[PDB]
Amino acid sequence: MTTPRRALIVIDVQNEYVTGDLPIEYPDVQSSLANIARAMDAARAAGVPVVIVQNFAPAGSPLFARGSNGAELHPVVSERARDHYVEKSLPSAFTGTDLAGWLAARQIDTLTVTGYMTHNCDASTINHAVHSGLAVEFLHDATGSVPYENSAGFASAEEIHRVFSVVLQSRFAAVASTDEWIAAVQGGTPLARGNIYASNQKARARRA
Amino acid sequence: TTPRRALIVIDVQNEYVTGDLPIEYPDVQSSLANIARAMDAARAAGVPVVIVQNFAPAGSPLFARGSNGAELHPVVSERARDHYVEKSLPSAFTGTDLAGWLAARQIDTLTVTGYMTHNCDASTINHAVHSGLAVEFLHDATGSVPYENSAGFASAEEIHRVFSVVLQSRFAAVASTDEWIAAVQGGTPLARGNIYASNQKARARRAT
Ligand SMILES: [Cl-]
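Residues numbered from 1 in each chain as written, not as in the entry; some residues may be left out. Chains lettered and ligands numbered in written order. Heavy atoms only, no water. Residues with missing side-chain atoms left out of burial classes, pairs and counts.

Looking at the PDB entry, one finds chain B named Putative isochorismatase and attributed to Burkholderia xenovorans. As recorded in the PDB, this entry has the title "Crystal structure of a putative isochorismatase (Bxe_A0706) from BURKHOLDERIA XENOVORANS LB400 at 1.22 A resolution".

Per the PDB entry, the recorded name for chain A is Putative isochorismatase, and the organism is Burkholderia xenovorans.

In structure tokens:
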């Protein structure tokens, strides 16, 4: 087997999600911030390129407003080194940006996703990556969601994050812990991916 | 102003009904019936109808080329259509002419029906939004299956609800088939939610 050639992308780790008005609720945000930092430190030690993504909305916007505290990168990011930076104003870190080219220029075959939110920025970015031919990894303990209620119904942060983690594992990404990822980097091994048939069979077999 | 819609009917194949990937929520007869209604309402209004069929290789457990499971369900195979694409990844854009065909017909709004909510439908919607299309998702003309894998468990109800709520928060106007039919007959758009509102309504359940 070929050794995975990973890039770690740290998506929208900004104060809005922590001290601001879109507070991450599951996993616990302090626990995911700590794992983001471990993943970044491990990546730097192992020579895995680290890409920071920052999301902006216009000045005066209620969230992620240019010039506001909430739009600034959290100290976990800002006090660390990085190898690349991408600003975005859409969920996906690829659309219209230099990300795909930058990755390709570094022979990246595997994009390891951390940051926020699981169901929006992270999932959009992963969807683009998968359909471009990249393998994707998702660190379930270095990511997270918020609860939502709207005309379509209610879903908690735990339900959103779990659903997305399980769906990702079924088809789109290797879902793993930060500890698991760090070890796989050390060993030069891929992380395990699930599949739709196994995933649905297991749930059905249990219901039986 | 009046949307220029196309209705896309994704992967309404026997695998999901009589085969080995049975849709569990919403009830599959109820969503098949609504897909039928939506197609007929589109037809009557001159809204174009696009059919998508997903194939895996001959001999695969699901969607195998040559198998009954891979065939379109008669609800859809016996009806009129304006366009057809076959695909082999979740998004109906990747490796198909879909974006080109929609562009040639000056489509600005894509209405999504068919299966699965969290896989083919979500991936198609995420591509469409990022290409600049407006998207609608008919929550009673779509559906999910349960999954269990190394990332955890989630039921079909949880998966469909979580994706319906997340889509309403940012990616699509989520509506019932009746609401869509009324919007087509009236030449009006459907309502979209937003992330900040969705999160604020959920946070109010704490009742501090
Ligand atoms: Cl698995």
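The structure having been displayed, the exposition proceeds.
**Points about the overall build of chain A**
Short version of the rule: Helix numbers and strand numbers start at the N terminus; a helix is a DSSP run of H or I with at least 4 residues, a strand a run of E with at least 2. Here the globule rule reads 2.2 Å times residues to the power 0.38, and the radius of gyration is calculated from C-alpha atoms. Here a residue-residue contact requires only that any non-hydrogen atoms of the pair lie within 4.5 Å.
When helices and strands are tallied, chain A shows seven helices and eight strands. Computed over the C-alpha atoms, the radius of gyration of chain A is 17 Å, within 12% of the 17 Å expected from 2.2 N^0.38 for a compact globule of 208 residues. Oriented by its inertia axes, the alpha-carbon framework of chain A measures out at about 50 × 45 × 30 Å. For chain A, the share of sequence-separated contacts (at least 6 apart) that also reach a separation of at least 24 residues comes to 76%.

**Observations regarding the sheet that holds strand β8 (residues 173–175) of chain B**
Residue and element names in this part refer to chain B. So the rule is basically this: For two strands to be treated as a pair, DSSP must find no fewer than two bridges joining them. The angle between two axes is taken between their N-to-C directions and runs from 0 to 180 degrees, where each axis is a line fitted to C-alpha atoms and a helix contributes only its stretch in contact.
Reading across from one edge, β3-β2-β1-β4-β5-β8 is the order of the six strands in this open sheet, with parallel pairing throughout. A single partner strand is all that each edge strand has here, and the edge strands are β3 (83–87) and β8. The average undirected angle you get between the axes of adjacent strands in this sheet is 20°. Two elements, strand β1 (residues 5–10) and strand β2 (residues 49–54), share four bridges in a ladder whose sense is parallel. The partner of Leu 7 across the bridge, within β2, is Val 49. Most of the contacts of helix α5 (residues 156–171) go to strand β5 (residues 134–143), to which it runs at about 165°, and overall it touches β5 and β8.

**A few points about the environment of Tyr196(B)**
Relative to the elements of secondary structure, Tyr196(B) occurs in helix α7 (residues 195–203). Those residues in contact with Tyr196(B) that lie beyond four places of it in its chain are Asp21(A), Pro62(A) and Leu63(A).

**Things to note about the sheet that holds strand β1 (residues 6–11) of chain A**
Residues and elements named next belong to chain A. The strand order across the open sheet built from six strands is β3-β2-β1-β4-β5-β8, with neighbouring strands paired in parallel fashion. Both outer strands of the open sheet, β3 (84–88) and β8 (174–176), are each paired with one neighbouring strand and no more. On average, each strand axis in the sheet is tilted by 25° relative to the strand beside it, whichever way the strands run. When β1 meets strand β4 (residues 110–116), the two strands line up parallel, connected through six bridges. Bridge assignment links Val 10 to a residue of β4, and that residue is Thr 114. Those strands touched by helix α1 (residues 29–46) are β1, β2 (50–55), β4 and β5 (135–144), and its axis lies near 135° from that of β5. Docked against the sheet, helix α6 (residues 178–187) engages β1, β4, β5 and β8, running at close to 140° with respect to β5.

**Some details on the interface of chain A and chain B**
Spelled out, the test is: Accessible area, probed at 1.4 Å, shrinks when two parts are joined; the buried area is that loss added up over both. Any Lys or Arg side-chain nitrogen located within 4 Å of an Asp or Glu carboxyl oxygen qualifies as a salt bridge. Within 3.5 Å is the distance limit for a polar contact, defined as a pair of N or O atoms, with the added protein rule that one can donate a hydrogen and the other accept it, and that residues adjacent in sequence qualify only through two side-chain atoms. Any residue that is not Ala, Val, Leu, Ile, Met, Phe, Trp, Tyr, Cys, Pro, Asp, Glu, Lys or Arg is counted as polar, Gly included; the first ten are nonpolar and the last four charged.
Across the boundary between the two partners, chain A contributes 50 residues, which contact 50 residues of chain B. Between chain A and chain B, the buried area comes to about 4600 Å², and carbon and sulfur atoms account for 60% of it. Remark: the boundary between chain A and chain B carries six salt bridges. The salt bridge partner of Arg205(B) is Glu149(A), with a shortest N-O separation of 3.1 Å. Where chain A packs against chain B, one counts 23 residue pairs in polar contact. Elements represented by at least two residues in the side of chain A that touches chain B include exactly α4 (118–131), β6 (148–150), β7 (153–155), α5 (157–172) and α7 (196–207) of chain A. Ranked by residues supplied to the side of chain A that touches chain B, first place goes to α5(A) with twelve residues. In terms of residue class, the side of chain A that touches chain B is made up of 24 nonpolar, 17 polar and nine charged.

**Let's talk about the packing of aromatic side chains**
Between two aromatic rings, the relevant description is the distance of the centres plus the angle of the planes. Stated formally: Between 30 and 60 degrees the pair is tilted, below 30 it is stacked and above 60 it is edge-to-face, where a pair is any two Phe, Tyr or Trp rings, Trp via its six-membered ring, whose centres lie within 6.5 Å. Burial classification: accessible surface area is computed with a 1.4 Å probe over protein chains only, and a residue below 20% of its type maximum counts as buried, one above 50% as exposed, and the rest as partly exposed.
Applying the stated criterion across every chain yields a total of five aromatic pairs over all chains. Judged by centre distance (4.4 Å) and plane angle (15°), the ring pair of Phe164(A) and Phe163(B) falls under stacked. Of this pair, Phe164(A) sits in helix α5 while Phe163(B) sits in helix α5, on two different chains. Residue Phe164(A) is classed as buried on the basis of its relative accessible area of 5%.

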